[PDB]
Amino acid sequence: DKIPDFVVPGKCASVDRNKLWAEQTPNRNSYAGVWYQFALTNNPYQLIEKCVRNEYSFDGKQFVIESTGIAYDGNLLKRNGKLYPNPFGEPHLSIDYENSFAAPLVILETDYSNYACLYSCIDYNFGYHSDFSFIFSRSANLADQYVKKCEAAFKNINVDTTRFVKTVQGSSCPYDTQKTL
């Protein structure tokens, strides 16, 4: 039998959230601004296929997100999101979007000015989990030195980095239009 490659035997990995959480709380303003999705592992929830541009505004208690790009049907699309602390006090953020589920979102590693390596995982009741990983860049491109940092981070939590797929970005993307949606 075959199943989606994002449904994986066993439980979600450990991932040292308290340390990350404590590193990241002082730095929220530095995480704000525009992040481009450089690559992601197979994600059946992401409605934006190409030119994925995530604009974050920090209001002192959460991030308000405008996510834009080209949808799977070829039209421009804007999605309104939020990133806020997990409501049970767990050491991670919840990422939430209009007309969507909300999920944990761990920042496995970031330097704030070039890249971010993001991770979400869910355990199922039948001995499997699904996880969803992302490489974010402050630009349309991302140098291999930074990509390799994320590769290391994901390998360290036993994520198969051959699962990453690059997202269309760059001069073919109507970013100046997207930012006005």
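Residue numbers run from 1 along the displayed sequence.
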item	value
Higher-B stretch (mean Cα B-factor, as the entry records it), 22-30 or 136-144	22-30
Given 59-67 and 44-52, the range whose Cα B-factors average higher in the PDB entry	59-67
Most elevated Cα B-factor in the entry, residues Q37, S113, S130, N156	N156
Within-chain third of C12 by Cα B-factor, per the entry	highest
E98 by Cα B-factor - lowest, middle or highest third of the modelled chain	middle
Position of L118 among the chain's modelled residues by C-alpha B-factor, lowest, middle or highest third	lowest
Third of the chain, ranked by Cα B-factor, where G81 sits	lowest
